[PDB]
Amino acid sequence: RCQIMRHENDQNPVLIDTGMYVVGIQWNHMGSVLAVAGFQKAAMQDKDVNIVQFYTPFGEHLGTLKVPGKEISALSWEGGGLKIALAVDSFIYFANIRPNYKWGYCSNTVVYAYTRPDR
Amino acid sequence: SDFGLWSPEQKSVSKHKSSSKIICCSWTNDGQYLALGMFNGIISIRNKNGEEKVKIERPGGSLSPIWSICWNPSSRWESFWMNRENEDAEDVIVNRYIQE
């Protein structure tokens, strides 16, 4: 189970069932993605597979990443949000991640958009 | 003479004593002190447990009864309880009494 609040006593938060055994959670640096690290029972086996599930702040599921090893222990994003380090069974994997930017190109102008610290 | 604090559905009430007729009462914006104004022209400040921590007297005493006081709402806590969407309520057979 997962629960995303607007503030510490938001009594109508976003509700999520991830369907997996969770080990930890992390926002990206921009606060636009939540990563959830865990493992799920594999579909034809009495064996668990490690997964990271990515969520919007509003609880829509962006994707799932598998990782090889006995267990995923822990999770952390790079300061740029372009890599995420996955501590797994005496290894660190790094998932590259390609943001779904609010952007487009029109007549030799690039349009790019970003949230601000101060607006 | 007496002001009776209690927290939701506990079995008892702190009927705590005062020097004077207790005209008006207001909680601090963070909830941690209950301030009381007196007909004796004193305001005094009590913690959430009922111990008395601070006093001020209006110069003249009972010449100037304190008929109301209010803590300013202007701090981070005003949005606390500003997020609810519960669609149902509690229900009970008949009205009970709370002791002491």
# chains A, B, ... in the order shown; residues from 1 in each chain; ligands from 1
call {"tool": "closest_atom_pairs", "arguments": {"of": "chain B", "to": "chain A", "cutoff": "7 Å", "atoms": "only C-alpha atoms", "output": "CSV"}}
result
residue,atom,partner,partner_atom,distance
B:80,CA,A:9,CA,6.3
B:81,CA,A:9,CA,6.7
B:83,CA,A:10,CA,5.0
B:84,CA,A:11,CA,5.1
B:85,CA,A:12,CA,5.7
call {"tool": "write_last_selection", "arguments": {"atoms": "N, CA, C and O atoms", "output": "compact mmCIF listing (two decimals), in the first residue's frame"}}
result
# COMPACT_ATOMS: atom_id res chain seq x y z
N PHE B 80 -4.17 23.26 8.49
CA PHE B 80 -4.38 22.01 9.22
C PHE B 80 -5.91 21.82 9.39
O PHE B 80 -6.62 22.78 9.67
N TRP B 81 -6.44 20.61 9.15
CA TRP B 81 -7.88 20.34 8.98
C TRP B 81 -8.58 21.00 7.78
O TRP B 81 -9.78 20.84 7.61
N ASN B 83 -8.05 20.00 4.72
CA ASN B 83 -8.13 18.88 3.77
C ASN B 83 -8.89 17.69 4.39
O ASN B 83 -8.30 16.85 5.08
N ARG B 84 -10.19 17.61 4.12
CA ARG B 84 -11.13 16.51 4.46
C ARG B 84 -12.05 16.25 3.27
O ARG B 84 -12.51 17.20 2.64
N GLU B 85 -12.42 14.99 3.04
CA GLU B 85 -13.53 14.58 2.15
C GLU B 85 -14.19 13.28 2.66
O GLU B 85 -14.58 12.40 1.89
call {"tool": "closest_atom_pairs", "arguments": {"of": "region 28-98 of chain B", "to": "region 1-4 of chain B", "cutoff": "12 Å", "atoms": "only C-alpha atoms", "output": "JSON lines"}}
result
{"residue": "B:34", "atom": "CA", "partner": "B:3", "partner_atom": "CA", "distance": 10.6}
{"residue": "B:35", "atom": "CA", "partner": "B:3", "partner_atom": "CA", "distance": 11.6}
{"residue": "B:36", "atom": "CA", "partner": "B:3", "partner_atom": "CA", "distance": 9.7}
{"residue": "B:38", "atom": "CA", "partner": "B:1", "partner_atom": "CA", "distance": 10.3}
{"residue": "B:39", "atom": "CA", "partner": "B:1", "partner_atom": "CA", "distance": 11.3}
{"residue": "B:46", "atom": "CA", "partner": "B:3", "partner_atom": "CA", "distance": 10.9}
{"residue": "B:48", "atom": "CA", "partner": "B:4", "partner_atom": "CA", "distance": 11.6}
{"residue": "B:49", "atom": "CA", "partner": "B:4", "partner_atom": "CA", "distance": 10.8}
{"residue": "B:50", "atom": "CA", "partner": "B:3", "partner_atom": "CA", "distance": 9.0}
{"residue": "B:51", "atom": "CA", "partner": "B:3", "partner_atom": "CA", "distance": 11.9}
{"residue": "B:98", "atom": "CA", "partner": "B:4", "partner_atom": "CA", "distance": 11.4}
call {"tool": "write_last_selection", "arguments": {"atoms": "N, CA, C and O atoms", "output": "mmCIF file, in the first residue's frame"}}
result
data_model
loop_
_atom_site.group_PDB
_atom_site.id
_atom_site.type_symbol
_atom_site.label_atom_id
_atom_site.label_comp_id
_atom_site.auth_asym_id
_atom_site.auth_seq_id
_atom_site.Cartn_x
_atom_site.Cartn_y
_atom_site.Cartn_z
ATOM 1 N N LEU B 34 -3.888 27.397 26.328
ATOM 2 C CA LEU B 34 -5.202 27.987 26.511
ATOM 3 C C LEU B 34 -5.045 29.271 27.331
ATOM 4 O O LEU B 34 -4.642 29.220 28.491
ATOM 5 N N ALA B 35 -5.357 30.421 26.745
ATOM 6 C CA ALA B 35 -5.300 31.689 27.462
ATOM 7 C C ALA B 35 -6.697 32.062 27.943
ATOM 8 O O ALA B 35 -7.661 31.960 27.185
ATOM 9 N N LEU B 36 -6.792 32.461 29.208
ATOM 10 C CA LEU B 36 -8.007 32.811 29.926
ATOM 11 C C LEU B 36 -7.997 34.290 30.300
ATOM 12 O O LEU B 36 -7.015 34.788 30.840
ATOM 13 N N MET B 38 -10.049 37.164 32.707
ATOM 14 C CA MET B 38 -10.771 37.189 33.982
ATOM 15 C C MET B 38 -11.574 38.485 34.173
ATOM 16 O O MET B 38 -11.136 39.570 33.788
ATOM 17 N N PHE B 39 -12.716 38.416 34.864
ATOM 18 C CA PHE B 39 -13.445 39.614 35.308
ATOM 19 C C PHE B 39 -12.558 40.515 36.176
ATOM 20 O O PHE B 39 -12.674 41.727 36.151
ATOM 21 N N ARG B 46 -2.376 29.205 30.276
ATOM 22 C CA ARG B 46 -2.259 27.840 30.799
ATOM 23 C C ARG B 46 -1.857 26.860 29.699
ATOM 24 O O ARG B 46 -2.338 26.966 28.578
ATOM 25 N N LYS B 48 -1.553 23.033 27.730
ATOM 26 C CA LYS B 48 -2.565 22.014 27.369
ATOM 27 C C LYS B 48 -2.868 20.990 28.488
ATOM 28 O O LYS B 48 -3.926 20.367 28.466
ATOM 29 N N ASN B 49 -1.994 20.845 29.487
ATOM 30 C CA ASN B 49 -2.227 20.023 30.688
ATOM 31 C C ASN B 49 -2.971 20.756 31.831
ATOM 32 O O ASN B 49 -3.489 20.109 32.740
ATOM 33 N N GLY B 50 -3.040 22.093 31.791
ATOM 34 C CA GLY B 50 -3.740 22.938 32.764
ATOM 35 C C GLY B 50 -2.856 23.685 33.777
ATOM 36 O O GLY B 50 -3.391 24.404 34.618
ATOM 37 N N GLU B 51 -1.527 23.557 33.721
ATOM 38 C CA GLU B 51 -0.615 24.367 34.550
ATOM 39 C C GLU B 51 -0.591 25.826 34.076
ATOM 40 O O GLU B 51 -0.571 26.087 32.874
ATOM 41 N N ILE B 98 -20.259 11.841 30.856
ATOM 42 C CA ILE B 98 -18.823 11.755 31.180
ATOM 43 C C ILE B 98 -18.599 12.132 32.655
ATOM 44 O O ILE B 98 -19.071 13.163 33.132
#
call {"tool": "atom_distance", "arguments": {"atom1": "CA of residue 38 (chain A)", "atom2": "CA of residue 23 (chain A)"}}
result
5.0 Å
call {"tool": "residues_around", "arguments": {"residues": "residue 41 (chain A)", "least_positions_apart": "5", "cutoff": "9 Å", "atoms": "only C-alpha atoms", "output": "list in words"}}
result
residues 20, 21, 46, 47, 48 and 49 of chain A
call {"tool": "residues_around", "arguments": {"residues": "residue 27 (chain A)", "least_positions_apart": "6", "cutoff": "12 Å", "atoms": "only C-alpha atoms", "output": "PyMOL selection string"}}
result
chain A and resi 4+33-37+53-57+75-79+81+84
call {"tool": "closest_residue", "arguments": {"among": "B:91, B:78, B:52, B:100", "to": "residue 31 (chain B)", "atoms": "only C-alpha atoms"}}
result
B:78
call {"tool": "atom_distance", "arguments": {"atom1": "CA of residue 70 (chain B)", "atom2": "CA of residue 6 (chain B)"}}
result
20.8 Å
call {"tool": "select_by_dssp", "arguments": {"residues": "chain A", "states": "strand (DSSP E)", "output": "ChimeraX atom specification"}}
result
/A:2-4,14-16,21-27,34-41,48-55,61-67,72-77,83-88,91-96,103-106,109-112
call {"tool": "write_last_selection", "arguments": {"atoms": "C-alpha atoms", "output": "PDB file, in the first residue's frame"}}
result
ATOM      1  CA  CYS A   2       1.054   3.612  -0.737  1.00  0.00           C
ATOM      2  CA  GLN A   3      -0.493   6.979   0.223  1.00  0.00           C
ATOM      3  CA  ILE A   4       0.443  10.461  -1.167  1.00  0.00           C
ATOM      4  CA  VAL A  14      -3.993   9.768  -3.190  1.00  0.00           C
ATOM      5  CA  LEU A  15      -4.362   5.957  -2.613  1.00  0.00           C
ATOM      6  CA  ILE A  16      -2.222   3.287  -4.402  1.00  0.00           C
ATOM      7  CA  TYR A  21       6.531  -6.169  -1.406  1.00  0.00           C
ATOM      8  CA  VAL A  22       8.015  -2.632  -1.058  1.00  0.00           C
ATOM      9  CA  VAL A  23      11.503  -2.012   0.445  1.00  0.00           C
ATOM     10  CA  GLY A  24      11.719   1.820  -0.050  1.00  0.00           C
ATOM     11  CA  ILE A  25      10.510   4.992  -1.898  1.00  0.00           C
ATOM     12  CA  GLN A  26      12.167   8.164  -3.366  1.00  0.00           C
ATOM     13  CA  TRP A  27      11.004  11.329  -5.196  1.00  0.00           C
ATOM     14  CA  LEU A  34       8.041   8.874  -7.204  1.00  0.00           C
ATOM     15  CA  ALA A  35      10.158   5.699  -7.554  1.00  0.00           C
ATOM     16  CA  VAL A  36       9.080   2.668  -5.441  1.00  0.00           C
ATOM     17  CA  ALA A  37      11.641  -0.167  -4.992  1.00  0.00           C
ATOM     18  CA  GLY A  38      10.453  -3.694  -4.121  1.00  0.00           C
ATOM     19  CA  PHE A  39       9.947  -7.265  -5.318  1.00  0.00           C
ATOM     20  CA  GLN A  40       6.973  -9.245  -6.668  1.00  0.00           C
ATOM     21  CA  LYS A  41       6.243 -13.019  -6.749  1.00  0.00           C
ATOM     22  CA  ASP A  48      10.529 -13.197  -6.231  1.00  0.00           C
ATOM     23  CA  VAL A  49      11.743 -10.762  -8.954  1.00  0.00           C
ATOM     24  CA  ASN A  50      13.098  -7.286  -8.061  1.00  0.00           C
ATOM     25  CA  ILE A  51      11.197  -4.333  -9.609  1.00  0.00           C
ATOM     26  CA  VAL A  52      11.142  -0.536  -9.401  1.00  0.00           C
ATOM     27  CA  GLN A  53       7.710   0.966 -10.146  1.00  0.00           C
ATOM     28  CA  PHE A  54       7.518   4.669 -11.130  1.00  0.00           C
ATOM     29  CA  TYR A  55       4.457   6.822 -10.218  1.00  0.00           C
ATOM     30  CA  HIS A  61       1.725   4.279 -12.986  1.00  0.00           C
ATOM     31  CA  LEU A  62       4.512   5.523 -15.364  1.00  0.00           C
ATOM     32  CA  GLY A  63       6.357   2.166 -15.753  1.00  0.00           C
ATOM     33  CA  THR A  64       8.142  -0.864 -14.234  1.00  0.00           C
ATOM     34  CA  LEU A  65      11.894  -1.731 -14.329  1.00  0.00           C
ATOM     35  CA  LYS A  66      13.151  -5.298 -13.483  1.00  0.00           C
ATOM     36  CA  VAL A  67      16.635  -5.801 -11.890  1.00  0.00           C
ATOM     37  CA  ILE A  72      16.982  -4.869  -4.046  1.00  0.00           C
ATOM     38  CA  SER A  73      18.073  -3.218  -0.742  1.00  0.00           C
ATOM     39  CA  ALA A  74      17.787   0.548  -1.489  1.00  0.00           C
ATOM     40  CA  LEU A  75      17.034   3.347  -4.013  1.00  0.00           C
ATOM     41  CA  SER A  76      18.367   6.898  -4.912  1.00  0.00           C
ATOM     42  CA  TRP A  77      18.140   9.445  -7.800  1.00  0.00           C
ATOM     43  CA  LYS A  83      20.110   8.308 -13.426  1.00  0.00           C
ATOM     44  CA  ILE A  84      18.772   6.251 -10.507  1.00  0.00           C
ATOM     45  CA  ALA A  85      21.126   4.048  -8.405  1.00  0.00           C
ATOM     46  CA  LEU A  86      19.709   0.668  -7.306  1.00  0.00           C
ATOM     47  CA  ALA A  87      21.571  -1.162  -4.514  1.00  0.00           C
ATOM     48  CA  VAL A  88      21.003  -4.889  -5.210  1.00  0.00           C
ATOM     49  CA  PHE A  91      25.991  -4.591  -6.821  1.00  0.00           C
ATOM     50  CA  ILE A  92      24.868  -1.035  -7.635  1.00  0.00           C
ATOM     51  CA  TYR A  93      22.974  -0.882 -10.942  1.00  0.00           C
ATOM     52  CA  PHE A  94      22.322   2.502 -12.600  1.00  0.00           C
ATOM     53  CA  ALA A  95      19.154   2.905 -14.657  1.00  0.00           C
ATOM     54  CA  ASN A  96      19.483   5.655 -17.239  1.00  0.00           C
ATOM     55  CA  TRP A 103       8.892  20.400 -24.880  1.00  0.00           C
ATOM     56  CA  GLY A 104       8.500  20.819 -28.664  1.00  0.00           C
ATOM     57  CA  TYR A 105      10.199  22.346 -31.758  1.00  0.00           C
ATOM     58  CA  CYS A 106       8.411  24.846 -34.064  1.00  0.00           C
ATOM     59  CA  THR A 109      12.346  27.835 -32.022  1.00  0.00           C
ATOM     60  CA  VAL A 110      12.798  25.214 -29.298  1.00  0.00           C
ATOM     61  CA  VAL A 111      10.045  25.323 -26.657  1.00  0.00           C
ATOM     62  CA  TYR A 112      11.085  23.993 -23.231  1.00  0.00           C
TER      63      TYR A 112
END
